[PDB]
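I have placed the structure first, in the form of structure tokens, so that the comments after it can refer back to it.
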Amino acid sequence: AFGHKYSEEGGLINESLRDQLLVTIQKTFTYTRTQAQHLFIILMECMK
Amino acid sequence: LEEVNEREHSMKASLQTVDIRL
Numbered sequence: 001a002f003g004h005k006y007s008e009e010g011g012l013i014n015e016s017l018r019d020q021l022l023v024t025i026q027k028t029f030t031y032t033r034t035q036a037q038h039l040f041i042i043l044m045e046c047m048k
Numbered sequence: 049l050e051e052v053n054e055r056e057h058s059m060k061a062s063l064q065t066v067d068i069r070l
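Line order of the protein sequences matches chains A and B. Numbered according to the working numbering, the first sequence spans residues 1 to 48. Numbered according to the working numbering, the second sequence spans residues 49 to 70.
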């Protein structure tokens with residue numbers, strides 16, 4: 001939802017929101033850092 | 049009170065990001 005709020009043109013959630021997204025994933029989901037950036041990549045993939 | 053709730057959201061995001069950068 002926090003992706004979809006700022007999503008604009010597909011996965012056009014920007015760089016600040018991408019580091020904030022991966023940080024939240026790494027905090028709430030306890031998902032490792034490269035996997036949190038990966039779940040960003042999957043987030044933008046689905047956000048399209 | 050709805051304004052306070054949205055304000056709480058901003059404050060909690062700031063606190064979590066500051067805890068990340070500390």
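Just so you know, even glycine gets a beta-carbon here, dropped at the ideal spot from N, CA and C.
Here the alpha carbon of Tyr6 (chain A) sits roughly 6 Å from the alpha carbon of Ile13 (chain A). For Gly11 (chain A), no alpha helix (DSSP H) run applies, since DSSP gives it neither H nor E.
Ranking A:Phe29, A:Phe2 and A:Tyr31 by CA distance to the CA of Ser16 (chain A) puts A:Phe2 first.
The three-state secondary structure of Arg55 (chain B), taken from DSSP, is helix. For the C-beta of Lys27 (chain A), the chain B residues within less than 8 Å are, from N- to C-terminus, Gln64 and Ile68. Assignment of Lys48 (chain A) by DSSP, reduced to helix, strand and coil, places it in the coil class.
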